[PDB]
Amino acid sequence: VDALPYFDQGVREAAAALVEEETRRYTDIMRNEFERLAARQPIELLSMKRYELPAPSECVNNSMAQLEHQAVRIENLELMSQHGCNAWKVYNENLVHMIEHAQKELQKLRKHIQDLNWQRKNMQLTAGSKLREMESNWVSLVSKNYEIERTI
Amino acid sequence: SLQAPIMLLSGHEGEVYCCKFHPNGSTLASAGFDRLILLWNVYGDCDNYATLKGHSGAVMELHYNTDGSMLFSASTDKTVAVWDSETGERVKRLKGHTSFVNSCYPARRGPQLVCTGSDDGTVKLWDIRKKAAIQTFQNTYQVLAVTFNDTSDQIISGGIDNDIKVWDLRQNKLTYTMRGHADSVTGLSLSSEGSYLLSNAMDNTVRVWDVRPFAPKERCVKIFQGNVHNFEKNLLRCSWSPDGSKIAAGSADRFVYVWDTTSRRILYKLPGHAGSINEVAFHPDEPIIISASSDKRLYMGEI
Amino acid sequence: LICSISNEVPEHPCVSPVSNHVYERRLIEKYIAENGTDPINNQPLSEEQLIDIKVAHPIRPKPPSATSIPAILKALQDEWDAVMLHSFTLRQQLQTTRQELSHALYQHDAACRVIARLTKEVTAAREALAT
Amino acid sequence: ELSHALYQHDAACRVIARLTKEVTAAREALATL
Amino acid sequence: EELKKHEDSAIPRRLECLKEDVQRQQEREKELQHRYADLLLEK
C-alpha cells in the first residue's frame with residue numbers, strides 16, 4: 001500500500017504492467033419513452049414548416065392568421081425594443097455577478113488542496129530520512145557481523 | 001517540560017566546574033570552586049533542599065551511578081567523597097593520591113569501582129569496600145580526564161601528553177594509544193551504548209573515538225570545530241545526549257556548544273553566560289540542558 | 001446563481017434549511033414528492049421546510065424576432081430537443097462512470113498482491129545478506 | 001473512486017520500483033560474498 | 001483529502017518496520033564485538 005510520492009525523487013509503466021497482470025488474474029412518465037426513442041433513433045420531431053412559405057391566389061384564414069401574428073410581433077417587438085432596451089444590459093450585469101462567484105470557489109478549492117499537498121510533502125521528508133538512517137545501520141551490521149567472524 | 005524555559009539558577013559563590021542530571025531526571029547536583037555540593041530540583045520552582053559539605057578543596061569532577069543512589073565527588077584535596085543521593089552523609093572518603101585529583105568515574109553495571117587520575121602521574125582504581133587502591137598505573141605525566149568502558153575492563157585516560165591512553169585491567173599494560181590531538185586533553189565522556197567516546201582538547205578540536213573490539217585502526221571518526229580554549233587553562237568537559245543524538249561541549253568563549261552527531265553541524269550556540277563555561281549536560285528523559293560556567297550561575301535551556 | 005439539480009439559472013430560487021443549497025422551486029418540489037428528502041445530503045426535508053429567496057424577476061429579455069409563431073414552433077421545439085438529447089446523453093454518462101470505477105478497482109487489486117508478494121521477497125533477500 | 005484509485009495505483013506502483021531494486025541489490029551482494 | 005489520509009497511512013508503518021529492522025541489526029553488532037573482546041582474555 002505505502003508508496004511515498006514527495007520523498008521518492010528517484011517505473012510507472014513497469015509497475016502498471018505488474019498491476020495489470022494481477023488484474024488479468026482476478027423514473028418518468030410517457031415523456032421518457034419518446035425522449036429516449038428520439039435520441040436513440042437520432043431524429044428530431046418535425047415542426048410547423050408552413051408559415052414561412054405560403055402562396056398568393058382556406059387562404060382567407062391563412063391571411064387573417066398572418067395579420068394577427070404580425071400585430072402580436074409588432075406590439076411584442078415594440079415592447080421588446082423598449083423592454084429590450086431597458087433590459088438590454090440589465091441581464092448582462094446579472095451574468096457578471098454569477099460568474100465571479102464561481103471563480104471565488106475555484107480559489108477556495110485551490111487553497112485547501114495546495115495546503116494538503118504541502119502537508120504530504122513535509123510528512124515524507126520526515127520518513128525518507130528515517131529510512132536512510134535504517135539503511136546506514138543495516139549496512140553497518142552487514143559488514144560488522146562479517147568482521148567479527150573473520151577474526152574468530 | 002518544566003516551568004518556563006531558562007530557569008537561571010544562582011546560589012553559587014565561586015566558579016562552577018561540574019553538574020550532573022539525576023538518572024531519573026528529577027533533581028540536580030552542581031559543584032565547583034565553592035567547596036560545596038548543591039542538590040536542587042529540576043521541576044517545580046528549582047529550589048535548594050540539600051547542601052553537602054565535606055571538602056577542603058575544589059570539587060573538580062562530579063558523577064552519579066546509574067541508579068541515582070550514590071554521589072561521587074572528586075576534589076582538589078587529593079581525596080574522593082562517596083555519599084548517598086538522599087539524606088546527605090559522608091559515606092566513604094578515599095585518600096590515596098599524592099597530588100590533585102583531576103577526575104573520577106564510576107564503572108557502571110559492574111561491581112562498584114571508581115577510577116581516578118591525578119597530577120602526580122597516577123591513574124588509580126578503587127573498590128568502595130576495601131579502603132585501599134586496587135591497581136595503580138603510573139603513566140608519567142599529569143592526567144586530566146579518566147573514564148571506563150561499559151564492560152568495566154578498560155581505563156580510558158586523557159592527560160597532557162596529547163595522547164589518549166587505554167589501559168587493560170587484566171593485562172595491566174598500555175593497550176591503546178590514540179593520536180590526533182595537538183594539545184592537552186581536558187575531558188572525556190563515554191556514550192550510553194559504549195560505542196563512541198567524546199573528547200575535548202586544548203587544540204580546540206572536539207573528537208569522537210569509537211571504542212570497539214574490531215577497529216579501523218585509525219579511529220578519527222568525527223571532528224568538531226568552533227570550541228575555544230584560552231589562557232584560563234580550565235578543565236573542559238563534554239557530554240552525550242541520552243539517545244546519543246546530540247553532543248555538548250563546554251567552551252571558554254561563553255557560548256554553549258551543541259552539535260548534531262550525524263551531520264557534524266552546530267545545532268545550538270546558546271548565549272547568556274558572562275564567564276567561560278565548564279560543563280554542559282543533558283536531562284536523561286527530556287531535552288533539557290543544565291549549563292555550568294565560571295559566572296557562578298546555572299542555566300536550564302529547554303529545547 | 002445556478003440551480004443544484006438541472007444546471008439552470010433559476011427564476012424562483014428556494015433554499016433548503018438542512019443543507020444550504022439553492023434549487024429552482026419546480027425541481028425541488030418534484031424531488032420532495034418523489035421521495036421526501038434533500039437530494040444532495042439525503043436528509044429529511046419537506047415542502048414547508050423550504051425557504052424562498054427573492055430574485056426580483058430574473059432578467060430574461062424577449063428576442064427581437066419574437067412572435068407567437070417562433071415561440072410556438074422554433075423555440076419550443078428546441079427546448080424539448082435540448083431536454084431530450086441532454087438527459088439521454090446524461091444517462092450515457094452515468095453507466096460509463098460506473099464501469100470505469102469497477103475496472104479501476106479491479107486493476108488496483110492485482111498491484112496490491114504484487115507489492116505484498118515483493119514485500120516478503122525484498123526484506124528476506126536483505127536479511128540473507130545480513131546473515 | 002476512479003481518481004483515488006488511479007492515484008493510489010501509480011503510488012502503489014512506485015512501491016514495486018523501489019522494492020525491486022533493493023531485492024536486486026541483495027542478490028549481487030550475497031552472491032559476490 | 002483522502003489522498004492526504006492515504007499518505008498518513010503510508011508514513012505510519014514504514015518507519016516502525018525499519019525501526020525494528022534496525023534493532024535486530026544492532027544485536028548482531030552488539031554480540032560480534034564480545035567474541036573479539038574475548039580474544040584478549042585468551043592472551
# chains A, B, ... in the order shown; residues from 1 in each chain; ligands from 1

call {"tool": "residues_around", "arguments": {"residues": "residue 28 of chain D", "least_positions_apart": "3", "cutoff": "12 Å", "atoms": "only C-alpha atoms", "output": "count of residues only"}}
result
12

call {"tool": "interface_residues", "arguments": {"of": "chain A", "to": "chain B", "cutoff": "10 Å", "atoms": "only C-alpha atoms", "output": "list in words"}}
result
residues 133, 144, 147, 148 and 151 of chain A

call {"tool": "interface_residues", "arguments": {"of": "chain A", "to": "chain E", "cutoff": "9 Å", "atoms": "only C-alpha atoms", "output": "PyMOL selection string"}}
result
chain A and resi 1-5+113+116-117+119-120+123-124+126-128+130-131+133-135+137-142+144-149+151-152

call {"tool": "write_last_selection", "arguments": {"atoms": "N, CA, C and O atoms", "output": "short mmCIF file (atom, residue, chain, number, x, y, z; two decimals), in the first residue's frame"}}
result
data_model
loop_
_atom_site.label_atom_id
_atom_site.label_comp_id
_atom_site.auth_asym_id
_atom_site.auth_seq_id
_atom_site.Cartn_x
_atom_site.Cartn_y
_atom_site.Cartn_z
N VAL A 1 0.83 -1.24 0.00
CA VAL A 1 0.00 0.00 0.00
C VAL A 1 0.85 1.27 0.00
O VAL A 1 0.60 2.19 -0.79
N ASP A 2 1.85 1.32 0.88
CA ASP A 2 2.67 2.53 1.07
C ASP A 2 3.64 2.78 -0.08
O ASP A 2 4.46 1.93 -0.42
N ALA A 3 3.54 3.97 -0.68
CA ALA A 3 4.47 4.43 -1.71
C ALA A 3 4.59 5.95 -1.64
O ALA A 3 3.67 6.67 -2.03
N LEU A 4 5.73 6.42 -1.15
CA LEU A 4 5.93 7.84 -0.87
C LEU A 4 6.13 8.64 -2.17
O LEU A 4 7.10 8.39 -2.89
N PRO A 5 5.22 9.58 -2.47
CA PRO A 5 5.35 10.37 -3.70
C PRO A 5 6.33 11.55 -3.59
O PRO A 5 7.17 11.74 -4.47
N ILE A 113 -6.43 22.41 -1.27
CA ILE A 113 -5.67 21.33 -1.89
C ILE A 113 -4.16 21.58 -1.82
O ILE A 113 -3.39 20.66 -1.56
N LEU A 116 -2.95 20.81 1.58
CA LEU A 116 -2.87 19.36 1.75
C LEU A 116 -1.59 18.79 1.13
O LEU A 116 -0.87 18.00 1.75
N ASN A 117 -1.32 19.19 -0.12
CA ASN A 117 -0.13 18.73 -0.83
C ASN A 117 1.14 19.08 -0.05
O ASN A 117 2.02 18.23 0.12
N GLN A 119 1.47 19.65 3.12
CA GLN A 119 1.50 18.79 4.30
C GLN A 119 2.10 17.44 3.95
O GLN A 119 3.04 16.98 4.60
N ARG A 120 1.56 16.79 2.92
CA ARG A 120 2.06 15.48 2.49
C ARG A 120 3.57 15.52 2.22
O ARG A 120 4.33 14.66 2.69
N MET A 123 5.55 15.77 5.39
CA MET A 123 5.46 14.47 6.04
C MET A 123 6.46 13.46 5.48
O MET A 123 7.11 12.75 6.25
N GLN A 124 6.57 13.39 4.16
CA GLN A 124 7.51 12.45 3.53
C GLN A 124 8.96 12.62 4.02
O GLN A 124 9.51 11.74 4.69
N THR A 126 10.29 13.56 6.31
CA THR A 126 10.49 13.03 7.66
C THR A 126 10.94 11.58 7.62
O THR A 126 11.99 11.23 8.16
N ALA A 127 10.14 10.74 6.96
CA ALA A 127 10.36 9.30 6.97
C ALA A 127 11.52 8.89 6.07
O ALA A 127 12.30 8.01 6.43
N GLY A 128 11.62 9.52 4.90
CA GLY A 128 12.72 9.25 3.97
C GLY A 128 14.09 9.38 4.61
O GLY A 128 15.04 8.68 4.23
N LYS A 130 14.41 8.84 8.02
CA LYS A 130 14.37 7.69 8.93
C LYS A 130 14.70 6.37 8.22
O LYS A 130 15.35 5.50 8.80
N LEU A 131 14.25 6.24 6.97
CA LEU A 131 14.61 5.08 6.14
C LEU A 131 16.10 5.11 5.78
O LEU A 131 16.75 4.07 5.73
N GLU A 133 18.38 6.48 7.68
CA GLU A 133 19.02 6.10 8.95
C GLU A 133 19.04 4.59 9.13
O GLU A 133 20.04 4.03 9.58
N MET A 134 17.94 3.94 8.79
CA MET A 134 17.81 2.49 8.92
C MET A 134 18.77 1.74 8.00
O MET A 134 19.42 0.78 8.42
N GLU A 135 18.86 2.18 6.75
CA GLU A 135 19.73 1.54 5.76
C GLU A 135 21.21 1.66 6.08
O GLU A 135 21.98 0.73 5.85
N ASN A 137 22.45 1.90 9.14
CA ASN A 137 22.62 0.95 10.24
C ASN A 137 22.56 -0.50 9.75
O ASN A 137 23.22 -1.37 10.32
N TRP A 138 21.78 -0.74 8.71
CA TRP A 138 21.67 -2.07 8.11
C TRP A 138 23.02 -2.48 7.51
O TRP A 138 23.51 -3.58 7.79
N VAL A 139 23.61 -1.60 6.71
CA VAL A 139 24.92 -1.87 6.09
C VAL A 139 26.07 -2.00 7.08
O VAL A 139 27.05 -2.69 6.80
N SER A 140 25.94 -1.33 8.22
CA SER A 140 26.95 -1.41 9.28
C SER A 140 26.99 -2.79 9.93
O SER A 140 28.06 -3.37 10.08
N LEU A 141 25.82 -3.32 10.29
CA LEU A 141 25.74 -4.70 10.79
C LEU A 141 26.28 -5.67 9.75
O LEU A 141 27.13 -6.50 10.06
N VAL A 142 25.77 -5.55 8.52
CA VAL A 142 26.12 -6.47 7.44
C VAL A 142 27.63 -6.71 7.35
O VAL A 142 28.06 -7.85 7.20
N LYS A 144 29.79 -5.55 9.88
CA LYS A 144 30.21 -5.82 11.26
C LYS A 144 30.16 -7.30 11.62
O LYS A 144 31.10 -7.84 12.20
N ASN A 145 29.06 -7.95 11.27
CA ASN A 145 28.89 -9.38 11.51
C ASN A 145 29.96 -10.21 10.79
O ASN A 145 30.39 -11.26 11.30
N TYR A 146 30.39 -9.75 9.62
CA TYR A 146 31.46 -10.40 8.86
C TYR A 146 32.80 -10.25 9.57
O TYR A 146 33.50 -11.24 9.81
N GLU A 147 33.15 -9.02 9.92
CA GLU A 147 34.47 -8.72 10.50
C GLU A 147 34.66 -9.34 11.89
O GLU A 147 35.79 -9.52 12.34
N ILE A 148 33.56 -9.67 12.57
CA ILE A 148 33.62 -10.45 13.81
C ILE A 148 34.00 -11.90 13.50
O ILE A 148 34.86 -12.48 14.17
N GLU A 149 33.34 -12.48 12.50
CA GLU A 149 33.56 -13.87 12.11
C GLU A 149 34.94 -14.11 11.47
O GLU A 149 35.54 -15.16 11.68
N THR A 151 37.73 -12.68 12.20
CA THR A 151 38.75 -12.68 13.24
C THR A 151 38.68 -13.91 14.15
O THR A 151 39.72 -14.40 14.61
N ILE A 152 37.47 -14.40 14.40
CA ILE A 152 37.28 -15.56 15.28
C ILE A 152 38.08 -16.79 14.82
O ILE A 152 38.57 -17.55 15.66
#

call {"tool": "closest_residue", "arguments": {"among": "B:154, B:222, B:301, B:79", "to": "residue 37 of chain E", "atoms": "only C-alpha atoms"}}
result
B:154

call {"tool": "atom_distance", "arguments": {"atom1": "atom CA of residue 52 of chain B", "atom2": "atom CA of residue 297 of chain B"}}
result
17.8 Å

call {"tool": "residues_around", "arguments": {"residues": "residue 15 of chain D", "least_positions_apart": "5", "cutoff": "12 Å", "atoms": "only C-alpha atoms", "output": "ChimeraX atom specification"}}
result
/A:1-5,7-8,10-12,14-16,18-19 /C:111-119,122 /D:8-10,20-22 /E:10,14

call {"tool": "interface_residues", "arguments": {"of": "chain D", "to": "chain C", "cutoff": "7 Å", "atoms": "only C-alpha atoms", "output": "PyMOL selection string"}}
result
chain D and resi 1-2+5-6+9+13+15-16+19+22-23+26-27+29-30

call {"tool": "write_last_selection", "arguments": {"atoms": "N, CA and C atoms", "output": "mmCIF file, in the first residue's frame"}}
result
data_model
loop_
_atom_site.group_PDB
_atom_site.id
_atom_site.type_symbol
_atom_site.label_atom_id
_atom_site.label_comp_id
_atom_site.auth_asym_id
_atom_site.auth_seq_id
_atom_site.Cartn_x
_atom_site.Cartn_y
_atom_site.Cartn_z
ATOM 1 N N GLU D 1 -13.923 7.614 -6.964
ATOM 2 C CA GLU D 1 -13.343 6.285 -6.800
ATOM 3 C C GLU D 1 -12.313 5.998 -7.895
ATOM 4 N N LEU D 2 -12.594 6.457 -9.116
ATOM 5 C CA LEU D 2 -11.664 6.315 -10.241
ATOM 6 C C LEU D 2 -10.377 7.097 -9.999
ATOM 7 N N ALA D 5 -8.291 5.793 -6.979
ATOM 8 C CA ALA D 5 -7.688 4.515 -7.351
ATOM 9 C C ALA D 5 -6.470 4.701 -8.250
ATOM 10 N N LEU D 6 -6.633 5.462 -9.332
ATOM 11 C CA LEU D 6 -5.553 5.674 -10.308
ATOM 12 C C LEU D 6 -4.336 6.335 -9.647
ATOM 13 N N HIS D 9 -2.951 3.737 -7.279
ATOM 14 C CA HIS D 9 -2.401 2.645 -8.083
ATOM 15 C C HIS D 9 -0.966 2.938 -8.506
ATOM 16 N N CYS D 13 2.368 1.505 -7.304
ATOM 17 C CA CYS D 13 3.293 1.056 -8.352
ATOM 18 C C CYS D 13 4.742 1.449 -8.054
ATOM 19 N N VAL D 15 5.991 1.621 -5.140
ATOM 20 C CA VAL D 15 6.439 0.722 -4.076
ATOM 21 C C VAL D 15 7.242 -0.423 -4.695
ATOM 22 N N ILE D 16 6.770 -0.916 -5.839
ATOM 23 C CA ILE D 16 7.396 -2.041 -6.535
ATOM 24 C C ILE D 16 8.755 -1.640 -7.110
ATOM 25 N N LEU D 19 11.050 -1.553 -4.340
ATOM 26 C CA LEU D 19 11.221 -2.897 -3.789
ATOM 27 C C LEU D 19 12.091 -3.780 -4.692
ATOM 28 N N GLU D 22 15.958 -2.973 -4.509
ATOM 29 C CA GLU D 22 16.541 -3.395 -3.234
ATOM 30 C C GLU D 22 16.727 -4.906 -3.199
ATOM 31 N N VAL D 23 15.680 -5.621 -3.606
ATOM 32 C CA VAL D 23 15.743 -7.070 -3.821
ATOM 33 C C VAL D 23 16.925 -7.440 -4.717
ATOM 34 N N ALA D 26 20.299 -7.088 -2.955
ATOM 35 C CA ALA D 26 20.530 -8.194 -2.025
ATOM 36 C C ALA D 26 21.134 -9.419 -2.711
ATOM 37 N N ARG D 27 20.858 -9.580 -4.006
ATOM 38 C CA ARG D 27 21.326 -10.739 -4.768
ATOM 39 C C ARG D 27 22.821 -10.685 -5.083
ATOM 40 N N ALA D 29 25.066 -8.726 -3.817
ATOM 41 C CA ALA D 29 25.759 -8.617 -2.538
ATOM 42 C C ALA D 29 26.051 -9.999 -1.960
ATOM 43 N N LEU D 30 24.995 -10.791 -1.775
ATOM 44 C CA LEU D 30 25.126 -12.141 -1.215
ATOM 45 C C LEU D 30 25.888 -13.060 -2.170
#

call {"tool": "interface_residues", "arguments": {"of": "chain A", "to": "chain C", "cutoff": "8 Å", "atoms": "only C-alpha atoms", "output": "MDAnalysis selection string"}}
result
chainID A and resid 1 15:16 18:26 35:36 38:39 44 47:48 51 69:70 72:73 76:77 80:81 83:84 87:88 90:91 94 98 138 141:142 145

call {"tool": "select_by_dssp", "arguments": {"residues": "chain C", "states": "alpha helix (DSSP H)", "output": "PyMOL selection string"}}
result
chain C and resi 25-34+68-72+74-130

call {"tool": "residues_around", "arguments": {"residues": "residue 15 of chain C", "least_positions_apart": "5", "cutoff": "8 Å", "atoms": "only C-alpha atoms", "output": "JSON, numbers by chain"}}
result
{"C": [20, 21, 22, 23, 50, 51, 52, 53]}

call {"tool": "residues_around", "arguments": {"residues": "segment 58-68 of chain B", "least_positions_apart": "5", "cutoff": "9 Å", "atoms": "only C-alpha atoms", "output": "PyMOL selection string"}}
result
chain B and resi 16-24+29-37+73-77+84-85+101-109+235

call {"tool": "write_last_selection", "arguments": {"atoms": "C-alpha atoms", "output": "PDB file, in the first residue's frame"}}
result
ATOM      1  CA  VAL B  16      31.181  26.055  38.908  1.00  0.00           C
ATOM      2  CA  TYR B  17      33.218  23.230  37.406  1.00  0.00           C
ATOM      3  CA  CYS B  18      30.660  20.450  37.203  1.00  0.00           C
ATOM      4  CA  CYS B  19      26.994  19.450  37.178  1.00  0.00           C
ATOM      5  CA  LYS B  20      25.042  16.212  36.636  1.00  0.00           C
ATOM      6  CA  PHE B  21      21.442  15.211  35.954  1.00  0.00           C
ATOM      7  CA  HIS B  22      19.863  12.550  38.146  1.00  0.00           C
ATOM      8  CA  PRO B  23      19.328   9.125  36.484  1.00  0.00           C
ATOM      9  CA  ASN B  24      15.561   9.562  36.727  1.00  0.00           C
ATOM     10  CA  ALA B  29      23.821  18.333  41.648  1.00  0.00           C
ATOM     11  CA  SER B  30      26.163  21.232  40.978  1.00  0.00           C
ATOM     12  CA  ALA B  31      29.683  21.808  42.234  1.00  0.00           C
ATOM     13  CA  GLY B  32      32.770  23.873  41.686  1.00  0.00           C
ATOM     14  CA  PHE B  33      35.315  26.067  43.445  1.00  0.00           C
ATOM     15  CA  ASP B  34      32.802  26.670  46.279  1.00  0.00           C
ATOM     16  CA  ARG B  35      33.855  23.571  48.285  1.00  0.00           C
ATOM     17  CA  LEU B  36      30.124  22.802  48.343  1.00  0.00           C
ATOM     18  CA  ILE B  37      27.737  20.394  46.626  1.00  0.00           C
ATOM     19  CA  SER B  73      32.837  13.740  44.121  1.00  0.00           C
ATOM     20  CA  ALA B  74      36.457  14.219  43.035  1.00  0.00           C
ATOM     21  CA  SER B  75      38.047  17.094  44.932  1.00  0.00           C
ATOM     22  CA  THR B  76      41.284  19.087  44.801  1.00  0.00           C
ATOM     23  CA  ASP B  77      42.488  17.930  48.199  1.00  0.00           C
ATOM     24  CA  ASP B  84      24.163   8.843  49.330  1.00  0.00           C
ATOM     25  CA  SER B  85      21.787  10.622  46.948  1.00  0.00           C
ATOM     26  CA  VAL B 101      42.642  14.554  41.758  1.00  0.00           C
ATOM     27  CA  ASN B 102      41.561  15.888  38.374  1.00  0.00           C
ATOM     28  CA  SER B 103      38.738  13.473  37.526  1.00  0.00           C
ATOM     29  CA  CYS B 104      36.867  10.390  38.711  1.00  0.00           C
ATOM     30  CA  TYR B 105      34.481   7.963  37.054  1.00  0.00           C
ATOM     31  CA  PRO B 106      32.365   5.073  38.370  1.00  0.00           C
ATOM     32  CA  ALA B 107      32.320   1.770  36.498  1.00  0.00           C
ATOM     33  CA  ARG B 108      28.666   1.128  35.722  1.00  0.00           C
ATOM     34  CA  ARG B 109      26.697  -2.181  35.749  1.00  0.00           C
ATOM     35  CA  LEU B 235      39.292  21.621  32.542  1.00  0.00           C
TER      36      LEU B 235
END
